[PDB]
>>> print(open('input-v3.cif').read())   # mmCIF, C-alpha atoms and all ligand atoms
data_data
#
loop_
_atom_site.label_atom_id
_atom_site.label_comp_id
_atom_site.auth_asym_id
_atom_site.auth_seq_id
_atom_site.Cartn_x
_atom_site.Cartn_y
_atom_site.Cartn_z
CA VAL T 3 13.04 2.90 1.61
CA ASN T 4 15.63 3.33 -1.25
CA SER T 5 19.46 3.92 -1.41
CA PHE T 6 19.47 7.69 -2.29
CA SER T 7 21.27 9.78 0.43
CA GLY T 8 21.63 13.54 1.14
CA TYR T 9 18.72 14.79 -1.00
CA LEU T 10 16.54 17.76 -0.09
CA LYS T 11 12.82 16.87 -0.42
CA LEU T 12 10.98 19.46 -2.67
CA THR T 13 7.58 17.71 -2.93
CA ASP T 14 5.87 14.40 -2.18
CA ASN T 15 7.83 12.79 -5.09
CA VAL T 16 10.70 15.14 -6.14
CA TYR T 17 14.11 15.23 -4.41
CA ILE T 18 17.22 17.30 -5.31
CA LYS T 19 20.98 17.20 -4.55
CA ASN T 20 24.18 19.02 -5.67
CA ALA T 21 25.92 16.01 -7.25
CA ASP T 22 27.73 14.74 -10.32
CA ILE T 23 25.13 12.36 -11.84
CA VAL T 24 28.02 10.10 -13.04
CA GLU T 25 29.42 9.78 -9.46
CA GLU T 26 25.89 9.40 -8.05
CA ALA T 27 25.02 6.60 -10.51
CA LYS T 28 28.32 4.77 -9.78
CA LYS T 29 27.59 4.90 -5.97
CA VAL T 30 23.80 4.12 -6.03
CA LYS T 31 23.50 1.86 -9.17
CA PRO T 32 19.85 2.93 -9.48
CA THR T 33 17.28 0.93 -11.50
CA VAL T 34 17.02 3.92 -13.95
CA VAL T 35 19.44 6.74 -14.72
CA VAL T 36 18.12 9.38 -17.15
CA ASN T 37 20.38 10.64 -19.94
CA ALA T 38 20.00 14.10 -21.44
CA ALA T 39 19.96 12.67 -24.94
CA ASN T 40 19.57 14.12 -28.42
CA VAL T 41 17.47 12.49 -31.16
CA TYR T 42 20.60 10.87 -32.71
CA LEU T 43 21.84 9.47 -29.34
CA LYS T 44 25.17 11.19 -30.11
CA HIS T 45 26.59 11.44 -26.57
CA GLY T 46 29.19 14.18 -27.20
CA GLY T 47 28.97 16.56 -24.24
CA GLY T 48 27.13 17.36 -21.07
CA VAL T 49 25.47 14.54 -19.11
CA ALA T 50 25.47 12.16 -22.16
CA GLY T 51 29.09 12.94 -22.88
CA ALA T 52 29.92 12.40 -19.20
CA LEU T 53 27.65 9.30 -18.82
CA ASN T 54 29.00 7.81 -22.06
CA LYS T 55 32.65 8.45 -21.00
CA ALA T 56 31.96 6.64 -17.68
CA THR T 57 30.79 3.56 -19.72
CA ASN T 58 34.09 3.55 -21.72
CA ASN T 59 31.97 4.37 -24.85
CA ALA T 60 29.79 1.23 -24.50
CA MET T 61 26.71 3.50 -24.25
CA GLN T 62 27.60 5.05 -27.66
CA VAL T 63 28.21 1.60 -29.27
CA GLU T 64 24.78 0.38 -28.06
CA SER T 65 23.17 3.65 -29.10
CA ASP T 66 24.55 3.53 -32.65
CA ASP T 67 23.09 0.03 -33.09
CA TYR T 68 19.70 1.34 -31.73
CA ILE T 69 19.65 4.24 -34.24
CA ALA T 70 20.77 2.03 -37.17
CA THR T 71 17.71 -0.22 -36.43
CA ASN T 72 15.05 2.34 -35.34
CA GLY T 73 16.04 5.77 -36.65
CA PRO T 74 16.15 8.92 -34.55
CA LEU T 75 14.01 9.61 -31.47
CA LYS T 76 11.44 12.43 -31.41
CA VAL T 77 12.13 15.64 -29.47
CA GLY T 78 10.09 14.96 -26.30
CA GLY T 79 10.60 11.20 -26.70
CA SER T 80 12.71 8.51 -25.08
CA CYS T 81 14.03 4.98 -25.31
CA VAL T 82 15.18 2.50 -22.68
CA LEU T 83 18.67 1.01 -23.18
CA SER T 84 21.25 -0.60 -20.92
CA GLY T 85 22.58 1.27 -17.88
CA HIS T 86 25.99 -0.41 -18.36
CA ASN T 87 28.17 0.06 -15.23
CA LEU T 88 26.02 2.99 -13.98
CA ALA T 89 22.46 1.60 -13.53
CA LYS T 90 20.23 -1.32 -14.54
CA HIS T 91 18.69 0.80 -17.33
CA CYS T 92 19.33 4.17 -18.99
CA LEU T 93 16.26 6.13 -20.01
CA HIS T 94 17.49 8.36 -22.88
CA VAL T 95 15.14 11.38 -22.86
CA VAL T 96 15.21 14.17 -25.48
CA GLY T 97 14.35 17.54 -24.07
CA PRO T 98 14.07 20.44 -26.52
CA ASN T 99 17.38 22.15 -27.31
CA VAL T 100 16.72 25.95 -27.16
CA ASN T 101 20.15 26.47 -28.92
CA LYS T 102 18.61 24.58 -31.97
CA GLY T 103 15.21 26.46 -31.96
CA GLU T 104 13.06 23.58 -30.48
CA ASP T 105 9.62 24.32 -28.88
CA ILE T 106 10.06 24.66 -25.06
CA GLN T 107 6.42 23.32 -24.73
CA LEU T 108 8.02 19.92 -25.59
CA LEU T 109 9.75 19.94 -22.18
CA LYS T 110 6.52 18.72 -20.49
CA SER T 111 6.27 15.84 -23.04
CA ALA T 112 9.92 14.96 -22.28
CA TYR T 113 9.28 14.77 -18.51
CA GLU T 114 6.13 12.62 -19.08
CA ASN T 115 8.51 9.75 -20.04
CA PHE T 116 9.64 9.65 -16.40
CA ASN T 117 6.13 8.54 -15.31
CA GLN T 118 6.75 5.08 -16.91
CA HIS T 119 9.34 4.38 -14.16
CA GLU T 120 8.65 4.16 -10.40
CA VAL T 121 12.04 5.63 -9.34
CA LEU T 122 14.70 7.52 -11.37
CA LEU T 123 18.02 9.35 -10.95
CA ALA T 124 17.87 12.29 -13.45
CA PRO T 125 19.31 15.63 -14.52
CA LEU T 126 17.14 18.66 -15.19
CA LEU T 127 15.96 18.22 -18.78
CA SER T 128 16.89 20.92 -21.33
CA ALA T 129 19.29 22.55 -18.79
CA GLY T 130 23.04 23.06 -19.25
CA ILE T 131 24.08 23.02 -22.95
CA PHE T 132 20.42 22.47 -24.08
CA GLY T 133 19.93 26.17 -23.27
CA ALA T 134 16.67 26.23 -21.21
CA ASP T 135 16.21 28.09 -17.89
CA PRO T 136 16.88 25.43 -15.21
CA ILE T 137 14.35 27.11 -12.81
CA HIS T 138 11.68 26.52 -15.49
CA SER T 139 12.85 22.91 -16.02
CA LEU T 140 12.48 22.22 -12.26
CA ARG T 141 8.95 23.73 -12.24
CA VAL T 142 7.89 21.55 -15.24
CA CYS T 143 9.48 18.50 -13.55
CA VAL T 144 7.50 19.08 -10.30
CA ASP T 145 4.25 19.75 -12.18
CA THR T 146 4.61 16.74 -14.58
CA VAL T 147 6.46 13.83 -12.92
CA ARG T 148 4.34 11.81 -10.46
CA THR T 149 6.89 8.98 -9.88
CA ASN T 150 9.84 9.37 -7.50
CA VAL T 151 12.60 11.43 -9.09
CA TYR T 152 16.06 12.13 -7.58
CA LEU T 153 17.53 15.18 -9.40
CA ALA T 154 21.33 15.63 -9.54
CA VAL T 155 22.40 19.25 -10.15
CA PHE T 156 26.14 19.43 -11.03
CA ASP T 157 26.63 23.18 -10.40
CA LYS T 158 26.64 24.13 -6.64
CA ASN T 159 25.76 27.76 -7.49
CA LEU T 160 22.72 26.67 -9.57
CA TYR T 161 21.66 24.11 -6.93
CA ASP T 162 21.50 26.87 -4.27
CA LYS T 163 19.56 29.16 -6.63
CA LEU T 164 17.09 26.33 -7.52
CA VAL T 165 16.43 25.56 -3.81
CA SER T 166 16.20 29.25 -2.71
CA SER T 167 13.77 30.20 -5.57
CA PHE T 168 11.57 27.01 -5.32
CA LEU T 169 7.86 27.75 -4.81
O1 LIG I 201 23.34 20.02 -13.28
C1 LIG I 201 23.43 21.25 -13.49
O2 LIG I 201 24.04 22.02 -12.73
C2 LIG I 201 22.78 21.88 -14.65
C3 LIG I 201 22.92 21.01 -15.85
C4 LIG I 201 24.14 20.90 -16.53
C5 LIG I 201 24.25 20.07 -17.64
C6 LIG I 201 23.13 19.37 -18.06
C7 LIG I 201 21.93 19.48 -17.34
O3 LIG I 201 20.75 18.82 -17.65
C8 LIG I 201 21.82 20.28 -16.24
#
>>> encode(input="input-v3.cif", output="structure tokens")
Amino acid sequence: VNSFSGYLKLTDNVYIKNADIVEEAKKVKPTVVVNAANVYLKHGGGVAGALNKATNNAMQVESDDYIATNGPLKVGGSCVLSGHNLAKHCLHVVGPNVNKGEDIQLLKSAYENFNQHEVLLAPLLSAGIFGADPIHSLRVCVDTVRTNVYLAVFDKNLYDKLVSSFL
């Protein structure tokens, strides 16, 4: 048993809910929250702008130190940093950004990072301002992630479409 409430079960291991991932993280304080990161960990907008704002910019301060030491992530890659006031840990995962010309095949590599963690609160990778088809992102998630993933979908209209079209 875990602390996640109100999710629809899609598969053995994948759950979904219409929720603000910021508000969900603040309520649950999961072990791992996933950020929709870019390779520079520049948390300007979307989930990383919203997650970073909720940390009062402490996520960005930590991230800048990480990049100064290690250099940029790979598209498809990840790093584990603090979860600040939102979670124990934040898994910063870089899905391909379609609006920058990145290979959508890298979305499966991105979701493979989730398998290193037994339970996660996550957004749909490469959705929203990263420009991918969210229906596709949910299919890749279901067919790639084997650990227990709790997906927060901000947009109620998209949530209903994801559920109603799910095979
Ligand atoms: O949550 C959503 O409704 C779709 C979305 C919006 C912003 C970033 C995402 O990964 C996904």
>>> atom_distance(input="input-v3.cif", atom1="CA of residue 117 (chain T)", atom2="CA of residue 151 (chain T)")
9.4 Å
>>> residues_near_ligand(input="input-v3.cif", ligand="ligand LIG 201 (chain I)", cutoff="9 Å", atoms="only C-alpha atoms and all ligand atoms", output="VMD selection string")
chain T and resid 20 to 23 37 to 38 47 to 50 124 to 132 136 153 to 161
>>> write_last_selection(input="input-v3.cif", atoms="C-alpha atoms", output="mmCIF file, keeping the file's coordinate frame")
data_model
loop_
_atom_site.group_PDB
_atom_site.id
_atom_site.type_symbol
_atom_site.label_atom_id
_atom_site.label_comp_id
_atom_site.auth_asym_id
_atom_site.auth_seq_id
_atom_site.Cartn_x
_atom_site.Cartn_y
_atom_site.Cartn_z
ATOM 1 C CA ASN T 20 24.180 19.020 -5.670
ATOM 2 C CA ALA T 21 25.920 16.010 -7.250
ATOM 3 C CA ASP T 22 27.730 14.740 -10.320
ATOM 4 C CA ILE T 23 25.130 12.360 -11.840
ATOM 5 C CA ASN T 37 20.380 10.640 -19.940
ATOM 6 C CA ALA T 38 20.000 14.100 -21.440
ATOM 7 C CA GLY T 47 28.970 16.560 -24.240
ATOM 8 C CA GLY T 48 27.130 17.360 -21.070
ATOM 9 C CA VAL T 49 25.470 14.540 -19.110
ATOM 10 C CA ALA T 50 25.470 12.160 -22.160
ATOM 11 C CA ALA T 124 17.870 12.290 -13.450
ATOM 12 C CA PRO T 125 19.310 15.630 -14.520
ATOM 13 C CA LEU T 126 17.140 18.660 -15.190
ATOM 14 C CA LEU T 127 15.960 18.220 -18.780
ATOM 15 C CA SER T 128 16.890 20.920 -21.330
ATOM 16 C CA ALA T 129 19.290 22.550 -18.790
ATOM 17 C CA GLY T 130 23.040 23.060 -19.250
ATOM 18 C CA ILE T 131 24.080 23.020 -22.950
ATOM 19 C CA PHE T 132 20.420 22.470 -24.080
ATOM 20 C CA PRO T 136 16.880 25.430 -15.210
ATOM 21 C CA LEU T 153 17.530 15.180 -9.400
ATOM 22 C CA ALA T 154 21.330 15.630 -9.540
ATOM 23 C CA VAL T 155 22.400 19.250 -10.150
ATOM 24 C CA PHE T 156 26.140 19.430 -11.030
ATOM 25 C CA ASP T 157 26.630 23.180 -10.400
ATOM 26 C CA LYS T 158 26.640 24.130 -6.640
ATOM 27 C CA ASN T 159 25.760 27.760 -7.490
ATOM 28 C CA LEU T 160 22.720 26.670 -9.570
ATOM 29 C CA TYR T 161 21.660 24.110 -6.930
#
>>> closest_residue(input="input-v3.cif", among="T:165, T:16, T:142, T:122", to="residue 89 (chain T)", atoms="only C-alpha atoms")
T:122
>>> closest_residue(input="input-v3.cif", among="T:101, T:54, T:15, T:146", to="residue 86 (chain T)", atoms="only C-alpha atoms")
T:54
>>> residues_near_point(input="input-v3.cif", point="(7.7, 18.0, -24.9)", cutoff="10 Å", atoms="only C-alpha atoms", output="PyMOL selection string")
chain T and resi 76-79+96-98+104-115
>>> build_atoms(input="input-v3.cif", residues="region 150-167 of chain T", atoms="N, CA, C and O atoms", output="short mmCIF file (atom, residue, chain, number, x, y, z; two decimals), keeping the file's coordinate frame")
data_model
loop_
_atom_site.label_atom_id
_atom_site.label_comp_id
_atom_site.auth_asym_id
_atom_site.auth_seq_id
_atom_site.Cartn_x
_atom_site.Cartn_y
_atom_site.Cartn_z
N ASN T 150 8.82 8.81 -8.42
CA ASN T 150 9.84 9.37 -7.50
C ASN T 150 11.12 9.68 -8.25
O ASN T 150 11.79 8.78 -8.78
N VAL T 151 11.45 10.94 -8.30
CA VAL T 151 12.60 11.43 -9.09
C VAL T 151 13.62 12.10 -8.18
O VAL T 151 13.24 12.96 -7.35
N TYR T 152 14.86 11.67 -8.32
CA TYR T 152 16.06 12.13 -7.58
C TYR T 152 16.90 12.95 -8.54
O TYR T 152 17.51 12.36 -9.48
N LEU T 153 16.87 14.26 -8.44
CA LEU T 153 17.53 15.18 -9.40
C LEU T 153 18.94 15.46 -8.90
O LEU T 153 19.14 15.90 -7.73
N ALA T 154 19.92 15.27 -9.78
CA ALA T 154 21.33 15.63 -9.54
C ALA T 154 21.63 16.90 -10.29
O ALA T 154 21.50 16.91 -11.52
N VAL T 155 22.04 17.94 -9.56
CA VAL T 155 22.40 19.25 -10.15
C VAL T 155 23.91 19.43 -9.96
O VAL T 155 24.40 19.40 -8.81
N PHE T 156 24.66 19.34 -11.06
CA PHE T 156 26.14 19.43 -11.03
C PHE T 156 26.67 20.73 -10.39
O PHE T 156 27.62 20.65 -9.60
N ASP T 157 26.11 21.84 -10.77
CA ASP T 157 26.63 23.18 -10.40
C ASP T 157 26.11 23.60 -9.02
O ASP T 157 24.87 23.75 -8.86
N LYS T 158 27.02 23.81 -8.05
CA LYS T 158 26.64 24.13 -6.64
C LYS T 158 25.90 25.47 -6.65
O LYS T 158 24.85 25.63 -5.98
N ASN T 159 26.40 26.43 -7.41
CA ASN T 159 25.76 27.76 -7.49
C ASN T 159 24.31 27.63 -7.98
O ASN T 159 23.41 28.25 -7.45
N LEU T 160 24.09 26.83 -9.01
CA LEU T 160 22.72 26.67 -9.57
C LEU T 160 21.82 25.92 -8.57
O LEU T 160 20.67 26.31 -8.44
N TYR T 161 22.38 24.89 -7.96
CA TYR T 161 21.66 24.11 -6.93
C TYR T 161 21.07 25.06 -5.88
O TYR T 161 19.90 25.03 -5.56
N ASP T 162 21.93 25.93 -5.34
CA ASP T 162 21.50 26.87 -4.27
C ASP T 162 20.43 27.81 -4.81
O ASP T 162 19.46 28.11 -4.12
N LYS T 163 20.57 28.28 -6.04
CA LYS T 163 19.56 29.16 -6.63
C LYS T 163 18.25 28.39 -6.85
O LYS T 163 17.18 28.96 -6.67
N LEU T 164 18.33 27.14 -7.30
CA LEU T 164 17.09 26.33 -7.52
C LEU T 164 16.30 26.15 -6.20
O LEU T 164 15.07 26.26 -6.20
N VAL T 165 17.04 25.77 -5.16
CA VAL T 165 16.43 25.56 -3.81
C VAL T 165 15.81 26.87 -3.29
O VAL T 165 14.65 26.88 -2.87
N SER T 166 16.57 27.97 -3.36
CA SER T 166 16.20 29.25 -2.71
C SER T 166 15.05 29.93 -3.46
O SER T 166 14.37 30.76 -2.84
N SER T 167 14.83 29.59 -4.73
CA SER T 167 13.77 30.20 -5.57
C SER T 167 12.57 29.25 -5.70
O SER T 167 11.61 29.66 -6.34
#
